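The structure under discussion appears below in the form of structure tokens.
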Amino acid sequence: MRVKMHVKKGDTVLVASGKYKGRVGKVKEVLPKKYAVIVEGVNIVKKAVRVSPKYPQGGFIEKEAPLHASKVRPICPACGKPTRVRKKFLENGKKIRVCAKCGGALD
Amino acid sequence: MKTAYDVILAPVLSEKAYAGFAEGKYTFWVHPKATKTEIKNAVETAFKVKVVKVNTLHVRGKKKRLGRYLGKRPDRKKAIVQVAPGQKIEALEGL
Amino acid sequence: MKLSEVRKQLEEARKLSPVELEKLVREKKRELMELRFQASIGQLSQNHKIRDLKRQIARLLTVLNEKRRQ
Amino acid sequence: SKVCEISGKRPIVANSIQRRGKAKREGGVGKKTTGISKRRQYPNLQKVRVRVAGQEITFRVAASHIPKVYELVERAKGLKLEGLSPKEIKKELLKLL
RNA sequence: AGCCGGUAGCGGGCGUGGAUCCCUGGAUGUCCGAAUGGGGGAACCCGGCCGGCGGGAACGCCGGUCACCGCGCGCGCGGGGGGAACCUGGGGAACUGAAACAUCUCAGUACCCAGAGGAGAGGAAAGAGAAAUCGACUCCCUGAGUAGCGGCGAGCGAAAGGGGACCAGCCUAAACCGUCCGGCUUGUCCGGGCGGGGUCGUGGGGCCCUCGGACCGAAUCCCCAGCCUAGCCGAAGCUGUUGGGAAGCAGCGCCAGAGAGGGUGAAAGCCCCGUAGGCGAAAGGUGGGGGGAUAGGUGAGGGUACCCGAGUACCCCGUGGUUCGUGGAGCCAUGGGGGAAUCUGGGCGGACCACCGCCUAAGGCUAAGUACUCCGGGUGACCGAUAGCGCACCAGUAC
RNA sequence: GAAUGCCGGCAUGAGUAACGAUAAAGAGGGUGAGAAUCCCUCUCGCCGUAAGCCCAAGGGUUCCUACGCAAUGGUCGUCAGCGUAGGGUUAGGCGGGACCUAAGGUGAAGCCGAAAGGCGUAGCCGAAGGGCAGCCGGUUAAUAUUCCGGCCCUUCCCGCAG
RNA sequence: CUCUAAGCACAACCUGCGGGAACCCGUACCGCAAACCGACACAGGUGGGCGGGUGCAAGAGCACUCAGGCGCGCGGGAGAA
Ligand SMILES: [K+]
Ligand SMILES: [K+]
Ligand SMILES: [K+]
Ligand SMILES: [K+]
Ligand SMILES: [K+]
Ligand SMILES: [K+]
Ligand SMILES: [K+]
Ligand SMILES: [K+]
Ligand SMILES: [Mg+2]
Ligand SMILES: [Mg+2]
Ligand SMILES: [Mg+2]
Ligand SMILES: [Mg+2]
Ligand SMILES: [Mg+2]
Ligand SMILES: [Mg+2]
Ligand SMILES: [Mg+2]
Ligand SMILES: [Mg+2]
Ligand SMILES: [Mg+2]
Ligand SMILES: [Mg+2]
Ligand SMILES: [Mg+2]
Ligand SMILES: [Mg+2]
Ligand SMILES: [Mg+2]
Ligand SMILES: [Mg+2]
Ligand SMILES: [Mg+2]
Ligand SMILES: [Mg+2]
Ligand SMILES: [Mg+2]
Ligand SMILES: [Mg+2]
Ligand SMILES: [Mg+2]
Ligand SMILES: [Mg+2]
Ligand SMILES: [Mg+2]
Ligand SMILES: [Mg+2]
Ligand SMILES: [Mg+2]
Ligand SMILES: [Mg+2]
Ligand SMILES: [Mg+2]
Ligand SMILES: [Mg+2]
Ligand SMILES: [Mg+2]
Ligand SMILES: [Mg+2]
Ligand SMILES: [Mg+2]
Ligand SMILES: [Mg+2]
Ligand SMILES: [Mg+2]
Ligand SMILES: [Mg+2]
Ligand SMILES: [Mg+2]
Ligand SMILES: [Mg+2]
Ligand SMILES: [Mg+2]
Ligand SMILES: [Mg+2]
Ligand SMILES: [Mg+2]
Ligand SMILES: [Mg+2]
Ligand SMILES: [Mg+2]
Ligand SMILES: [Mg+2]
Ligand SMILES: [Mg+2]
Ligand SMILES: [Mg+2]
Ligand SMILES: [Mg+2]
Ligand SMILES: [Mg+2]
Ligand SMILES: [Mg+2]
Ligand SMILES: [Mg+2]
Ligand SMILES: [Mg+2]
Ligand SMILES: [Mg+2]
Ligand SMILES: [Mg+2]
Ligand SMILES: [Mg+2]
Ligand SMILES: [Mg+2]
Ligand SMILES: [Mg+2]
Ligand SMILES: [Mg+2]
Ligand SMILES: [Mg+2]
Ligand SMILES: [Mg+2]
Ligand SMILES: [Mg+2]
Ligand SMILES: [Mg+2]
Ligand SMILES: [Mg+2]
Ligand SMILES: [Mg+2]
Ligand SMILES: [Mg+2]
Ligand SMILES: [Mg+2]
Ligand SMILES: [Mg+2]
Ligand SMILES: [Mg+2]
Ligand SMILES: [Mg+2]
Ligand SMILES: [Mg+2]
Ligand SMILES: [Mg+2]
Ligand SMILES: [Mg+2]
Ligand SMILES: [Mg+2]
Ligand SMILES: [Mg+2]
Ligand SMILES: [Mg+2]
Ligand SMILES: [Mg+2]
Ligand SMILES: [Mg+2]
Ligand SMILES: [Mg+2]
Ligand SMILES: [Mg+2]
Ligand SMILES: [Mg+2]
Ligand SMILES: [Mg+2]
Ligand SMILES: [Mg+2]
Ligand SMILES: [Mg+2]
Ligand SMILES: [Mg+2]
Ligand SMILES: [Mg+2]
Ligand SMILES: [Mg+2]
Ligand SMILES: [Mg+2]
Ligand SMILES: [Mg+2]
Ligand SMILES: [Mg+2]
Ligand SMILES: [Mg+2]
Ligand SMILES: [Mg+2]
Ligand SMILES: [Mg+2]
Ligand SMILES: [Mg+2]
Ligand SMILES: [Mg+2]
Ligand SMILES: [Mg+2]
Ligand SMILES: [Mg+2]
Ligand SMILES: [Mg+2]
Ligand SMILES: [Mg+2]
Ligand SMILES: [Mg+2]
Ligand SMILES: [Mg+2]
Ligand SMILES: [Mg+2]
Ligand SMILES: [Mg+2]
Ligand SMILES: [Mg+2]
Ligand SMILES: [Mg+2]
Ligand SMILES: [Mg+2]
Ligand SMILES: [Mg+2]
Ligand SMILES: [Mg+2]
Ligand SMILES: [Mg+2]
Ligand SMILES: [Mg+2]
Ligand SMILES: [Mg+2]
Ligand SMILES: [Mg+2]
Ligand SMILES: [Mg+2]
Ligand SMILES: [Mg+2]
Ligand SMILES: [Mg+2]
Ligand SMILES: [Mg+2]
Ligand SMILES: [Mg+2]
Ligand SMILES: [Mg+2]
Ligand SMILES: [Mg+2]
Ligand SMILES: [Mg+2]
Ligand SMILES: [Mg+2]
Ligand SMILES: [Mg+2]
Ligand SMILES: [Mg+2]
Ligand SMILES: [Mg+2]
Ligand SMILES: [Mg+2]
Ligand SMILES: [Mg+2]
Ligand SMILES: [Mg+2]
Ligand SMILES: [Mg+2]
Ligand SMILES: [Mg+2]
Ligand SMILES: [Mg+2]
Ligand SMILES: [Mg+2]
Ligand SMILES: [Mg+2]
Ligand SMILES: [Mg+2]
Ligand SMILES: [Mg+2]
Ligand SMILES: [Mg+2]
Ligand SMILES: [Mg+2]
Ligand SMILES: [Mg+2]
Ligand SMILES: [Mg+2]
Ligand SMILES: [Mg+2]
Ligand SMILES: [Mg+2]
Ligand SMILES: [Mg+2]
Ligand SMILES: [Mg+2]
Ligand SMILES: [Mg+2]
Ligand SMILES: [Mg+2]
Ligand SMILES: [Mg+2]
Ligand SMILES: [Mg+2]
Ligand SMILES: [Mg+2]
Ligand SMILES: [Mg+2]
Ligand SMILES: [Mg+2]
Ligand SMILES: [Mg+2]
Ligand SMILES: [Mg+2]
Ligand SMILES: [Mg+2]
Ligand SMILES: [Mg+2]
Ligand SMILES: [Mg+2]
Ligand SMILES: [Mg+2]
Ligand SMILES: [Mg+2]
Ligand SMILES: [Mg+2]
Ligand SMILES: [Mg+2]
Ligand SMILES: [Mg+2]
Ligand SMILES: [Mg+2]
Ligand SMILES: [Mg+2]
Ligand SMILES: [Mg+2]
Ligand SMILES: [Mg+2]
Ligand SMILES: [Mg+2]
Ligand SMILES: [Mg+2]
Ligand SMILES: [Mg+2]
Ligand SMILES: [Mg+2]
Ligand SMILES: [Mg+2]
Ligand SMILES: [Mg+2]
Ligand SMILES: [Mg+2]
Ligand SMILES: [Mg+2]
Ligand SMILES: [Mg+2]
Ligand SMILES: [Mg+2]
Ligand SMILES: [Mg+2]
Ligand SMILES: [Mg+2]
Ligand SMILES: [Mg+2]
Ligand SMILES: [Mg+2]
Ligand SMILES: [Mg+2]
Ligand SMILES: [Mg+2]
Ligand SMILES: [Mg+2]
Ligand SMILES: [Mg+2]
Ligand SMILES: [Mg+2]
Ligand SMILES: [Mg+2]
Ligand SMILES: [Mg+2]
Ligand SMILES: [Mg+2]
Ligand SMILES: [Mg+2]
Ligand SMILES: [Mg+2]
Ligand SMILES: [Mg+2]
Ligand SMILES: [Mg+2]
Ligand SMILES: [Mg+2]
Ligand SMILES: [Mg+2]
Ligand SMILES: [Mg+2]
Ligand SMILES: [Mg+2]
Ligand SMILES: [Mg+2]
Ligand SMILES: [Mg+2]
Ligand SMILES: [Mg+2]
Ligand SMILES: [Mg+2]
Ligand SMILES: [Mg+2]
Ligand SMILES: [Mg+2]
Ligand SMILES: [Mg+2]
Ligand SMILES: [Mg+2]
Ligand SMILES: [Mg+2]
Ligand SMILES: [Mg+2]
Ligand SMILES: [Mg+2]
Ligand SMILES: [Mg+2]
Ligand SMILES: [Mg+2]
Ligand SMILES: [Mg+2]
Ligand SMILES: [Mg+2]
Ligand SMILES: [Mg+2]
Ligand SMILES: [Mg+2]
Ligand SMILES: [Mg+2]
Ligand SMILES: [Mg+2]
Ligand SMILES: [Mg+2]
Ligand SMILES: [Mg+2]
Ligand SMILES: [Mg+2]
Ligand SMILES: [Mg+2]
Ligand SMILES: [Mg+2]
Ligand SMILES: [Mg+2]
Ligand SMILES: [Mg+2]
Ligand SMILES: [Mg+2]
Ligand SMILES: [Mg+2]
Ligand SMILES: [Mg+2]
Ligand SMILES: [Mg+2]
Ligand SMILES: [Mg+2]
Ligand SMILES: [Mg+2]
Ligand SMILES: [Mg+2]
Ligand SMILES: [Mg+2]
Ligand SMILES: [Mg+2]
Ligand SMILES: [Mg+2]
Ligand SMILES: [Mg+2]
Ligand SMILES: [Mg+2]
Ligand SMILES: [Mg+2]
Ligand SMILES: [Mg+2]
Ligand SMILES: [Mg+2]
Ligand SMILES: [Mg+2]
Ligand SMILES: [Mg+2]
Ligand SMILES: [Zn+2]
């Protein structure tokens, strides 16, 4: 089947565990195969790069490292709180994610 | 659907192949089951020339390995075609 | 090829006749041969074109075969 | 040594039993078996030739069912067997079996 | 809401106007293989006929078609090969045991061959066997290591009856009647098809005479419930502290038809996937449950003595099966020889005879209850990389 | 803790035997981080009915070029039948098939056998035997009776003439 | 090559001239050997053809030598048993 994952690309999340616990950012990318996400400005690693074209000075570059998807919590755009995700069926027949606290949509 | 364009696969790029261009000889990779009569027809409707001679030969695939795994490249077949005097295949010419 | 273009190609082909579908298939096969020549001499950067054209020929043959079976 | 074409009699496996001694009912201590060996018993197969509808048909049958061959020929008096090959006669004859 | 398999890179693309992916149906499907146009050292060569392509007559390619056997009337239908175990039939060892060995045992086992199928076999009394009793078959417990068999050695080993599972009974041949065809030994004739009639042991049926004259219901067909092949919803937690990291520890809370389990940077009912509880199919498969239809089935008296499965019963010779190894040796089966009758006929109740009883041979079919595990799921006082399958890994591979 | 047990690891013998024909080597120069061992040159020796050249089988890319030097090579290695990459085999006349038969195999007919199967006429298969039209030279790093040049030839189709 | 039978004799066959047609597979390299059979780059085994010159009576024998190919994939010293 499919990798059921509670967050999606483009939504704001809270890092609730680990070194960067308490930080807030936007999901850059989602890695269902690794069950991981990438959050802007979070979990920056230093990577050694060789001297070459497009890396003339070599040295080190900085990149975000993926986080396990259970460490992030989506933030409601209505009540502004981290929350669990509920399913709400719309009168037009579509299904959307809603915040488990106040019921607001999560897009 | 089999056509003339399924018979001719690609040109052969080598010094030996380039040498025959001056004499009107052109080397192609062709379908391994294609016959000389089949090949001669295919070149005529693909490049609009007159073909007067077709030579063929089988090219067995080389055994190659990547790390631990042994295998083989696919078998191939190339054809050298001689066009009528004065005629040219401008797609191959210029390389 | 976009999803909308695929629907257009299938819609146009179903309006044709078996004689026309064979002629269109042959022109597409000729176009694919010219791509293979370009890709052989390292002059096709957009290598995705080869897969797009191959699936188009499969679509036209699938539609042609449906018309043959009535 | 094969099957009987009418009754299906075929060879059967039987035991040959060699005995010694005097029987109990004749005042002896009893029979003793010195040897048992497997053998085959065959039907008494014989060739029977009959003339049916201008053709000669050959039957391989057990001797006990030879009169059944002529029973079949008589019951074929009410069949249309004109111009058929001997093989075709035999198949028609055996469909009456 | 991401995606272009394992699988990154170079290089390019697609997707909320619904991609990738999953399920169902369809299309395409080179060559070999039962292999089947012919040949052949499998995967490779060579043809016939019809149509098309190339300038196409020679040459080549493309599409269709062409093996053999059986049955039904050149056409139509079928067969062939394969399948881990299980099943039936045709054949069928030895080591070993007997503390040697030959009857016996191992054993009708191993194995070979043929066939059947999701099962197979068996199956509707010419039965059982002593009770004036039972009532097709199969399977389980028991009877019972009993009755018996046995160089009466080693050993082998029932059945009836009782308790359960399941449950179901039918179609024909023959008498007689009709119709078509063939015969000449030319008709109350014989023979071969087909239709009607008939199916039984408290004997039944045919024919003649009399009185008679809607209920049952499929193992077949139709429809539906349900089930299978993708899925969906799903309660409740925060803060601090040690620490690389909290889920640990602490403070105060909440859910529970959910405190199975697995993840998350250590040890989380409330973070994630789930769990209890609910929901869901356009399409194909199944449908042993329910409903309907249909085939089919349906009473007595008197006369007659027409019919009731033949190289069969039966007797003898040679053998097999049964607990039965020639034994007082029946019963069932049959290679050889002889060889009946149609109910006043026949078979059986362990030699045989008499009496007293039971049954109706020589045509066929038949669900369910039972066996097995290639395959899918669940579960272990099962294994944890010398273990567990030979293989946790690119293994029936390297060699 | 023992089964000349089983699997694996590592010791001893020991820096020991041996390094596979007693046809044999020497020098100068070059290359290279590195040279008895690779390249060039001069000298020497060995084979020469062979240790030279060409077919068939068998083997299956080992062929040529470039770049390498961990393992392989009984030492060494800059070399290589080794590692990586690219390239390379061209036929109407050569061989085989679209021809023929041999032993043998198979086998519409036919015969036999519990089954599986055994045999067998015609026919078919079956060759290094019969049949059938190409010689000389040039060219590539690597193919040549195949490519090219010159000179020769074969079968089939169509048209015209006889 | 020749003889005729069915058939056909506006066909058919043969000769000459002109124009056309001619498919599939093999083809590298080793091949008395370091590339084949012997577990090895193994003193063994492996069918056919060519195989020069001089001399020794002849010869495919023997000695030297042509063309061609090799010094056999560990060496250097010493000069006991
Ligand atoms: K024995
Ligand atoms: K003994
Ligand atoms: K009677
Ligand atoms: K009896
Ligand atoms: K009885
Ligand atoms: K049955
Ligand atoms: K030959
Ligand atoms: K060659
Ligand atoms: Mg990140
Ligand atoms: Mg060329
Ligand atoms: Mg070819
Ligand atoms: Mg042309
Ligand atoms: Mg070729
Ligand atoms: Mg060729
Ligand atoms: Mg190739
Ligand atoms: Mg290749
Ligand atoms: Mg491949
Ligand atoms: Mg395509
Ligand atoms: Mg018999
Ligand atoms: Mg005997
Ligand atoms: Mg026997
Ligand atoms: Mg006789
Ligand atoms: Mg008899
Ligand atoms: Mg008799
Ligand atoms: Mg999108
Ligand atoms: Mg499908
Ligand atoms: Mg075939
Ligand atoms: Mg064949
Ligand atoms: Mg089968
Ligand atoms: Mg058996
Ligand atoms: Mg046997
Ligand atoms: Mg038997
Ligand atoms: Mg035996
Ligand atoms: Mg025995
Ligand atoms: Mg003994
Ligand atoms: Mg003993
Ligand atoms: Mg015995
Ligand atoms: Mg036994
Ligand atoms: Mg026994
Ligand atoms: Mg046994
Ligand atoms: Mg059954
Ligand atoms: Mg009955
Ligand atoms: Mg049962
Ligand atoms: Mg039982
Ligand atoms: Mg039970
Ligand atoms: Mg029992
Ligand atoms: Mg008892
Ligand atoms: Mg007893
Ligand atoms: Mg004893
Ligand atoms: Mg004794
Ligand atoms: Mg015993
Ligand atoms: Mg016994
Ligand atoms: Mg026993
Ligand atoms: Mg019982
Ligand atoms: Mg009837
Ligand atoms: Mg009867
Ligand atoms: Mg009648
Ligand atoms: Mg009737
Ligand atoms: Mg009666
Ligand atoms: Mg939930
Ligand atoms: Mg949920
Ligand atoms: Mg939850
Ligand atoms: Mg918290
Ligand atoms: Mg915490
Ligand atoms: Mg805990
Ligand atoms: Mg918790
Ligand atoms: Mg936990
Ligand atoms: Mg948990
Ligand atoms: Mg908690
Ligand atoms: Mg549930
Ligand atoms: Mg009897
Ligand atoms: Mg008898
Ligand atoms: Mg008797
Ligand atoms: Mg006797
Ligand atoms: Mg008897
Ligand atoms: Mg007996
Ligand atoms: Mg017995
Ligand atoms: Mg017995
Ligand atoms: Mg005895
Ligand atoms: Mg016995
Ligand atoms: Mg006794
Ligand atoms: Mg007895
Ligand atoms: Mg009797
Ligand atoms: Mg008998
Ligand atoms: Mg009777
Ligand atoms: Mg009587
Ligand atoms: Mg009796
Ligand atoms: Mg009796
Ligand atoms: Mg008695
Ligand atoms: Mg009875
Ligand atoms: Mg009866
Ligand atoms: Mg009966
Ligand atoms: Mg009867
Ligand atoms: Mg009988
Ligand atoms: Mg039956
Ligand atoms: Mg059953
Ligand atoms: Mg291990
Ligand atoms: Mg371990
Ligand atoms: Mg293991
Ligand atoms: Mg273990
Ligand atoms: Mg496994
Ligand atoms: Mg193992
Ligand atoms: Mg292993
Ligand atoms: Mg493995
Ligand atoms: Mg293997
Ligand atoms: Mg001990
Ligand atoms: Mg031992
Ligand atoms: Mg040991
Ligand atoms: Mg030990
Ligand atoms: Mg050991
Ligand atoms: Mg071990
Ligand atoms: Mg060991
Ligand atoms: Mg060991
Ligand atoms: Mg180890
Ligand atoms: Mg060891
Ligand atoms: Mg060691
Ligand atoms: Mg030591
Ligand atoms: Mg050692
Ligand atoms: Mg020593
Ligand atoms: Mg040592
Ligand atoms: Mg020393
Ligand atoms: Mg020593
Ligand atoms: Mg030493
Ligand atoms: Mg020494
Ligand atoms: Mg040694
Ligand atoms: Mg040595
Ligand atoms: Mg030495
Ligand atoms: Mg030494
Ligand atoms: Mg030494
Ligand atoms: Mg040495
Ligand atoms: Mg030495
Ligand atoms: Mg040496
Ligand atoms: Mg030496
Ligand atoms: Mg020498
Ligand atoms: Mg010498
Ligand atoms: Mg030197
Ligand atoms: Mg030097
Ligand atoms: Mg030097
Ligand atoms: Mg060196
Ligand atoms: Mg060096
Ligand atoms: Mg050199
Ligand atoms: Mg030398
Ligand atoms: Mg010397
Ligand atoms: Mg010399
Ligand atoms: Mg010499
Ligand atoms: Mg010499
Ligand atoms: Mg000489
Ligand atoms: Mg010589
Ligand atoms: Mg000699
Ligand atoms: Mg070869
Ligand atoms: Mg080899
Ligand atoms: Mg080999
Ligand atoms: Mg070898
Ligand atoms: Mg190769
Ligand atoms: Mg290689
Ligand atoms: Mg090599
Ligand atoms: Mg090479
Ligand atoms: Mg080389
Ligand atoms: Mg180098
Ligand atoms: Mg090295
Ligand atoms: Mg090394
Ligand atoms: Mg080495
Ligand atoms: Mg070396
Ligand atoms: Mg060595
Ligand atoms: Mg060595
Ligand atoms: Mg070395
Ligand atoms: Mg080295
Ligand atoms: Mg160097
Ligand atoms: Mg070099
Ligand atoms: Mg080499
Ligand atoms: Mg190499
Ligand atoms: Mg290599
Ligand atoms: Mg080639
Ligand atoms: Mg040629
Ligand atoms: Mg030529
Ligand atoms: Mg041909
Ligand atoms: Mg041939
Ligand atoms: Mg045969
Ligand atoms: Mg046979
Ligand atoms: Mg045979
Ligand atoms: Mg023969
Ligand atoms: Mg022949
Ligand atoms: Mg053959
Ligand atoms: Mg031949
Ligand atoms: Mg001869
Ligand atoms: Mg020849
Ligand atoms: Mg020739
Ligand atoms: Mg050259
Ligand atoms: Mg060469
Ligand atoms: Mg060459
Ligand atoms: Mg040449
Ligand atoms: Mg030439
Ligand atoms: Mg060649
Ligand atoms: Mg070759
Ligand atoms: Mg060569
Ligand atoms: Mg070479
Ligand atoms: Mg050579
Ligand atoms: Mg030789
Ligand atoms: Mg030679
Ligand atoms: Mg040589
Ligand atoms: Mg090799
Ligand atoms: Mg070998
Ligand atoms: Mg070997
Ligand atoms: Mg070695
Ligand atoms: Mg070797
Ligand atoms: Mg070596
Ligand atoms: Mg060597
Ligand atoms: Mg050697
Ligand atoms: Mg040798
Ligand atoms: Mg020799
Ligand atoms: Mg010679
Ligand atoms: Mg000379
Ligand atoms: Mg000389
Ligand atoms: Mg000489
Ligand atoms: Mg002289
Ligand atoms: Mg002389
Ligand atoms: Mg002399
Ligand atoms: Mg001489
Ligand atoms: Mg000689
Ligand atoms: Mg000579
Ligand atoms: Mg001599
Ligand atoms: Mg000599
Ligand atoms: Mg000499
Ligand atoms: Mg000599
Ligand atoms: Mg000599
Ligand atoms: Mg000499
Ligand atoms: Mg000499
Ligand atoms: Mg010399
Ligand atoms: Mg030479
Ligand atoms: Mg020389
Ligand atoms: Mg040397
Ligand atoms: Mg070496
Ligand atoms: Mg060495
Ligand atoms: Mg010394
Ligand atoms: Mg010395
Ligand atoms: Mg000395
Ligand atoms: Mg000395
Ligand atoms: Mg000494
Ligand atoms: Zn909210």
Side-chain angles (χ1 to χ4, degrees), chain A residues 1-10 16-19 21 29-30 32 35 68-73 82 84 86-87 89 95 100, chain B residues 1-2 4 7 14-16 19-20 23 25 27 33-42 44-45 50 53-60 62-64 68-69 78-80, chain C residues 1-4 7 44-49 51-52 58 61-62 65-66 69, chain D residues 1-3 7 9-17 19 23-25 30-36 38-44 62-68 74-79 81 96:
Chain A
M1 221 214 297
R2 192 178 58 103
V3 178
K4 311 281 195 70
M5 186 148 20
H6 65 123
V7 283
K8 62 173 329 173
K9 189 181 137 162
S17 64
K19 199 184 111 149
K21 152 181 203 59
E29 191 223 290
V30 169
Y35 196 77
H68 196 259
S70 52
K71 298 163 92 41
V72 289
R73 315 216 38 215
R84 295 176 267 109
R86 247 189 265 284
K87 291 310 169 71
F89 292 96
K95 188 175 63 190
Chain B
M1 197 217 274
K2 177 124 155 223
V7 169
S14 71
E15 316 325 293
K16 192 164 182 189
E23 312 95 62
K25 300 185 183 289
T27 315
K33 253 39 64 163
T35 68
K36 286 176 178 202
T37 319
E38 178 173 347
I39 285 151
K40 151 186 166 199
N41 267 352
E44 268 160 340
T45 149
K50 164 111 153 162
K53 198 169 150 71
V54 177
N55 288 32
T56 57
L57 60 154
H58 271 297
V59 180
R60 56 229 79 162
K62 288 173 174 178
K63 279 191 195 143
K64 288 297 192 196
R68 173 194 173 211
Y69 313 105
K78 61 191 181 173
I80 297 97
Chain C
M1 256 168 100
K2 319 200 161 7
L3 278 175
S4 55
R7 294 201 298 279
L44 190 70
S45 52
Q46 290 137 75
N47 48 48
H48 80 282
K49 276 178 179 143
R51 185 169 307 201
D52 280 23
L61 287 182
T62 280
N65 177 98
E66 288 165 353
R69 274 164 29 242
Chain D
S1 340
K2 280 223 68 63
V3 197
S7 66
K9 279 179 200 192
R10 73 190 313 117
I12 59 152
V13 188
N15 279 335
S16 177
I17 303 182
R19 304 182 196 264
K24 272 183 227 255
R25 66 184 146 299
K31 309 297 268 155
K32 307 289 169 56
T33 299
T34 54
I36 299 167
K38 300 189 95 121
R39 41 86 54 118
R40 294 172 105 221
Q41 293 172 318
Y42 295 100
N44 190 5
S64 61
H65 290 58
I66 288 186
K68 288 278 280 133
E74 278 324 83
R75 285 186 11 199
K77 273 147 125 29
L79 255 46
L81 308 165
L96 282 194

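Order of the sequence lines fixes the chain letters, A, B, ..., with proteins taken first and strands second; residue numbering starts at 1 for each chain. These values consider heavy atoms only, across backbone and side chains, with no hydrogens, waters or symmetry-generated copies.
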What's the closest nucleotide to the side chain of [X] if the choices are [options]?
X      : options                      : value
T37(B) : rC24(G), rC59(E), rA114(F)   : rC59(E)
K63(B) : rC273(E), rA114(F), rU61(F)  : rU61(F)
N44(D) : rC272(E), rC148(F), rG336(E) : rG336(E)
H65(D) : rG2(E), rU312(E), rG320(E)   : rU312(E)
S1(D)  : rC61(E), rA22(G), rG113(F)   : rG113(F)
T35(B) : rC148(F), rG92(F), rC61(E)   : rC61(E)
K16(B) : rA115(F), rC148(F), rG88(F)  : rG88(F)
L79(D) : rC273(E), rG192(E), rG17(E)  : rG192(E)
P32(A) : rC3(E), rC272(E), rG191(E)   : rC3(E)

Next item on the list: At under 4.0 Å between heavy atoms, which parts of nucleotides 253-263 of chain E does protein reach? Answer with one letter per nucleotide, 5' to 3': B base, S sugar-phosphate only, - none.
Entry: ----------B
Checking only heavy atoms, does the side chain of [X] share a donor-acceptor pair with the base of [N] at less than 3.5 Å?
X      : N        : value
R60(B) : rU61(F)  : yes
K40(B) : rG55(E)  : yes
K31(D) : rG325(E) : no
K8(A)  : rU16(E)  : yes
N41(B) : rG54(E)  : yes
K38(D) : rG108(E) : yes

Next item on the list: Identify, via the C1'-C2'-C3'-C4' dihedral, which side the sugar of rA70(F) sits on: north or south.
Entry: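 Pucker of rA70(F): north.
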Notebook entry, point to check: Expressed in whole Å, how much space separates the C1' atoms belonging to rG60(F) and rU41(F)?
Noted result: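 That atom pair is separated by 40 Å.
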Considering Watson-Crick and G-U wobble pairs with both distances under 3.5 Å, what does [N] pair with?
N        : answer
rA368(E) : none
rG83(E)  : none
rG277(E) : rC233(E)

Protein and nucleotides 231-237 of chain E: nitrogen or oxygen contacts under 3.5 angstrom:
{"residue": "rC232(E)", "atom": "OP2", "partner": "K4(A)", "partner atom": "NZ", "Å": "3.1"}
{"residue": "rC232(E)", "atom": "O3'", "partner": "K95(A)", "partner atom": "NZ", "Å": "3.0"}
{"residue": "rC233(E)", "atom": "OP1", "partner": "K87(A)", "partner atom": "NZ", "Å": "2.9"}
{"residue": "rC233(E)", "atom": "OP1", "partner": "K95(A)", "partner atom": "NZ", "Å": "3.0"}
{"residue": "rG234(E)", "atom": "OP1", "partner": "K87(A)", "partner atom": "N", "Å": "3.0"}
{"residue": "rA235(E)", "atom": "OP1", "partner": "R86(A)", "partner atom": "NH1", "Å": "3.0"}
{"residue": "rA236(E)", "atom": "OP1", "partner": "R86(A)", "partner atom": "NH2", "Å": "3.3"}
{"residue": "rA236(E)", "atom": "OP2", "partner": "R84(A)", "partner atom": "NH1", "Å": "2.8"}
{"residue": "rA236(E)", "atom": "OP2", "partner": "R86(A)", "partner atom": "NH1", "Å": "3.3"}
{"residue": "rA236(E)", "atom": "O5'", "partner": "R84(A)", "partner atom": "NH2", "Å": "3.1"}
{"residue": "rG237(E)", "atom": "OP2", "partner": "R84(A)", "partner atom": "NH2", "Å": "2.3"}

Next item on the list: For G30(D), report the nucleic acid contact type (base, sugar-phosphate, nothing); a contact means any heavy atom under 4.0 Å.
Entry: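 Sugar-phosphate contact only - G30(D) comes under 4.0 Å of backbone atoms but never of a base.
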Item checked: First encountered from the 5' end of RNA chain E, between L44(C) and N15(D) ->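 Between the two, 5'-proximity favours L44(C).
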